[PDB]
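Peer 1: Protein chains in written order, with the deposited numbering: chain C, 2 to 9; chain C', 2 to 9; chain A, 1 to 306; chain A', 1 to 306. A prime marks a further copy of an entry chain.
Backbone N, C-alpha and C define an ideal beta-carbon position, used for all residues, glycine too.
1. One question on the structure: do residue 175 of chain A and residue 165 of chain A come within less than 7 Å of each other, judged by their Cβ atoms?
2. Have a look at A'/137, A'/250 and A'/22 and flag the residue whose alpha-carbon is nearest the alpha-carbon of residue 46 of chain A'.
3. Please list the segments of the alpha helix (DSSP H) lying wholly inside the segment 186-221 of chain A', counting only runs of 4 or more residues, in order along the chain.
4. Whole angstroms is fine: what's the gap from residue 5 of chain A's alpha carbon to residue 291 of chain A's?
5. Under 8 Å, CB to CB, which of the residues in the segment 45-71 of chain A' have a partner in chain C'?
6. Taking 7 Å as the cut-off, decide whether the C-beta atoms of residue 1 of chain A' and residue 214 of chain A' are in contact.
7. Report the three-state DSSP secondary structure of residue 312 of chain A' (helix, strand or coil).
8. What residue does the beta strand (DSSP E) around residue 12 of chain A start on, and which one ends it?
9. Give me the residue from A/82, A/96, A/250 and A/180 with the minimum Cα distance to residue 31 of chain A.
10. Using only the alpha-carbon positions, how far apart do residue 354 of chain A and residue 227 of chain A' sit?
11. Under 7 Å, do residue 199 of chain A' and residue 173 of chain A' count as touching if we go by C-beta distance?
12. Residue 29 of chain A to residue 89 of chain A, Cα distance in whole Å?
13. Checking contacts by CB at 7 Å: is residue 299 of chain A' closer than that to chain C'?
14. Roughly how many angstroms separate the alpha carbons of residue 13 of chain A and residue 36 of chain A, rounded to a whole number?
15. Measure the C-alpha to C-alpha separation of residue 113 of chain A' and residue 100 of chain A' and round it to an integer number of angstroms.
16. Quick check on residue 126 of chain A - is its C-beta less than 7 Å from some C-beta in chain A'?
17. The beta strand (DSSP E) with residue 38 of chain A' in it runs from where to where?
18. By Cβ distance, which residues of its chain are closer than 6 Å to residue 42 of chain A, with the 5 residues on each side in sequence left out?
19. For residue 139 of chain A, is the classification buried or exposed, using 16 other Cβ atoms within 10 angstroms of its Cβ as the cut-off for buried?
20. When every heavy atom of the ligand SAH is checked, does at least one fall within less than 6 Å of the C-beta of residue 227 of chain A?
21. Do residue 225 of chain A and residue 265 of chain A have their C-beta atoms closer together than 7 Å?
22. Does chain A' have any CB closer than 7 Å to the CB of residue 3 of chain A?
23. Any chance you could list the beta strand (DSSP E) runs of at least 3 consecutive residues sitting entirely within the segment 46-95 of chain A', in chain order?
24. Should the segment 144-153 of chain A' be called in touch with the segment 108-123 of chain A', which here means at least 3 C-beta pairs below 8 Å?
25. Could you tell me whether the segment 203-220 of chain A' touches the segment 241-253 of chain A', using the rule of 3 or more Cβ pairs below 8 Å?
26. Tell me where the alpha helix (DSSP H) around residue 255 of chain A' begins and ends.
27. List, in chain order, every chain C residue whose beta-carbon is nearer than 9 Å to that of residue 192 of chain A.
28. Counting only C-beta atoms, is residue 345 of chain A closer than 7 Å to chain A' at any point?
29. In chain order, what are the residue ranges of uninterrupted beta strand (DSSP E) at least 3 long that sit wholly in the segment 122-177 of chain A?
30. Against residue 168 of chain A, what residues of chain C qualify as contacts under a CB-to-CB distance less than 9 Å, listed in chain order?
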């Protein structure tokens, strides 16, 4: 699946 | 011959 | 001499990079005058990532839910709005480092520099092309969301890309600075895939001209082709159709080298049909397509090394 | 994901670039605190280029023969001295944009970013390696003399290269920032030629590890080799000897991927002996050697994509 590349 | 790459 | 995959000097953009946090989610923003631009995915929560309603998520937020850090200083958010897939956070301080700038939506095949960033801090700069399938083959990790792509014309920064996401093939998808995606993609983690890609023919031709300017002619031949006949070979090798507009754009490089555009097309056709036979062009064993005709003219000398 | 030939963000260096003119000769200088550093070839005249005596040429100059332009402003030269092949022009104004910085002389095989400049104005940024024969394969035109190469560690700019000249093969030669040439070259236009070059083995191995981190394993094999036996293949293909120090340096990448260093050596040996058979690694049809082990770790994720 596509990944929104923000960070946690 | 090698060229010193200043400008005129 | 020499020919490198050259990026624009990134300093004018470095001065614009900030960090935006909403909740437990952080990414990069772009601070121009008193507005911070960033991907709206910052208001997502890690479980509502499949199908978030952003209008719904955003109306539940206040200005003070957005924490914007410009290196040392925190910036106060005094207004917020959504435009397509980007958020515009109005802050109470105009960025004193704002360059002359424009927002531009580019065409596939155009190139740009990417300033990769994490937590508002630039890490590296590299040159990209917008692929015909509207992905870019970038280098991006988690935290890079909000990194921007740009060109510089004189001292005007034309921003053309904001990074959002990585597709399952490892290529990258993002928006213009108005938040409109390039390609059919959406900012949600549902099943999406890049369409089949093609090679940027006009760029390959520009790079062959670069090679000739740099004193290398081994791939040339005595033949020519018609545009129609070239395109019939192009289609067979998954190359974009070459248009009369492309031929026109390659005009200056043709005139500087004395090689007619359709003559260079005959060279490319032969390279496509025979391969390189263990030879290299400008240090590559593949036909390179991430240099535009403008890129070649910008980097190369006006003399051709006869 | 992705893996690009990434440069350092160039802004800290952009703020340091100036123009230096002596007579009819102009080139770039590097303005740090109240000193401008530039190639001593600026005091050459177009006919005394074969064998200039620079000590003789310089003693015939006064401070006011040097015109230094920092964009808009002219800077007053208040002192000058020669150190090896560079001039140090003391100016009456400390550069307010001076970063934290060091001067470093690098080893062959190390990489750095080049900020190409003309008339004190940056044009582009790209990544280089110092070749084993102490040339760099840059992209440089007349006027680029004085452009610098650098690394950035945290926010400290380590300057390691100042550009002087292009050799007849189209590759480039220059000095550290103390004016000492890399390689046997001298700053005069007498016959000089680069020695035979070799491929940077430890870097090729680092880049194979990058490929594995990025999810690609097609080139691996079930074999291993001894260091001695690997080096006997290396010599045959014009690769540098791999040392135990190199093996040690590749330690972290070995541990992150689970591939023993000598196991990756067995993969490289097979690639050298068989070629790629029409396959690519990280988008290249050649074995790439301009990424150090540090470069790979910096750009890649700490996760390997299992």
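Peer 2: Here's the rundown:
1. By 1-based counting over the third chain, the position of residue 175 of chain A is 175. By 1-based counting over the third chain, the position of residue 165 of chain A is 165. Cβ atoms of residue 175 of chain A and residue 165 of chain A: not closer than 7 Å.
2. Counted from its first residue, the fourth chain places residue 46 of chain A' at position 46. When each option's Cα is compared against that of residue 46 of chain A', the closest is A'/22.
3. 201-213
4. Locating residue 5 of chain A in the third chain gives position 5, where the first residue counts as 1. Locating residue 291 of chain A in the third chain gives position 291, where the first residue counts as 1. Cα to Cα, the separation comes out at about 8 Å.
5. 46 and 49
6. Counting from one through the fourth chain, the residue named residue 1 of chain A' turns up at place 1. Counting from one through the fourth chain, the residue named residue 214 of chain A' turns up at place 214. A contact, by the Cβ cut-off of 7 Å.
7. A question about residue 312 of chain A' goes unanswered here, because the residues of chain A' that appear run from 1 up to 306.
8. Walking along the third chain from the start, residue 12 of chain A turns up at place 12. Element bounds for residue 12 of chain A: not the beta strand (DSSP E) but the alpha helix (DSSP H), 11-14.
9. Here the question's residue 31 of chain A lines up with position 31 in the third chain. The residue with the shortest Cα to Cα distance from residue 31 of chain A is A/96.
10. This structure gives no information on residue 354 of chain A, because the portion of chain A shown stretches from 1 to 306.
11. Locating residue 199 of chain A' in the fourth chain gives position 199, where the first residue counts as 1. Locating residue 173 of chain A' in the fourth chain gives position 173, where the first residue counts as 1. Contact: no.
12. Your numbering for residue 29 of chain A matches position 29 in the third chain. Your numbering for residue 89 of chain A matches position 89 in the third chain. Rounded to the nearest angstrom, the two C-alpha atoms are 9 Å apart.
13. Walking along the fourth chain from the start, residue 299 of chain A' turns up at place 299. No, residue 299 of chain A' does not count as interfacial toward chain C'.
14. As a working mapping, residue 13 of chain A is identified with position 13 in the third chain. As a working mapping, residue 36 of chain A is identified with position 36 in the third chain. Looking at the two C-alpha atoms, the distance is approximately 13 Å.
15. Taking the fourth chain and counting its residues from 1, one reaches residue 113 of chain A' at position 113. Taking the fourth chain and counting its residues from 1, one reaches residue 100 of chain A' at position 100. One C-alpha to the other measures close to 17 Å.
16. Within the third chain, the letter at position 126 stands for residue 126 of chain A. Yes, its Cβ sits closer than 7 Å to a Cβ of chain A'.
17. The residue labelled residue 38 of chain A' in the question sits at position 38 within the fourth chain. Taken as a continuous stretch (DSSP letters only), the beta strand (DSSP E) holding residue 38 of chain A' covers 35-39.
18. The count along the third chain starts at 1 and reaches residue 42 of chain A at position 42. For residue 42 of chain A, where only same-chain residues beyond five positions count, the Cβ hits under 6 Å are 20, 22, 25 and 27.
19. Taking the first residue of the third chain as 1, we reach residue 139 of chain A at position 139. By the 10 Å Cβ count, residue 139 of chain A comes out buried.
20. Absent from the structure shown: the ligand SAH. Ligands present: none.
21. Along the third chain, read from residue 1 onward, the residue named residue 225 of chain A stands at position 225. Along the third chain, read from residue 1 onward, the residue named residue 265 of chain A stands at position 265. Yes, Cβ-Cβ distance for residue 225 of chain A and residue 265 of chain A is below 7 Å.
22. Working through the third chain from its first residue, we reach residue 3 of chain A at position 3. By this cut-off, residue 3 of chain A is an interface position.
23. 66-70, 73-75, 77-83 and 86-91
24. yes
25. yes
26. The residue you call residue 255 of chain A' lines up with position 255 of the fourth chain. That run of the alpha helix (DSSP H) goes 251-257.
27. Reading the third chain from its first residue, position 192 is the one you call residue 192 of chain A. Near residue 192 of chain A (Cβ distances below 9 Å), the residues of chain C are 2 and 3.
28. Any answer about residue 345 of chain A is impossible in this case: the structure gives chain A only from 1 up to 306.
29. 148-152, 156-166 and 172-175
30. On the third chain, position 168 is the one that residue 168 of chain A refers to. What residue 168 of chain A touches in chain C: 2, 3 and 4.
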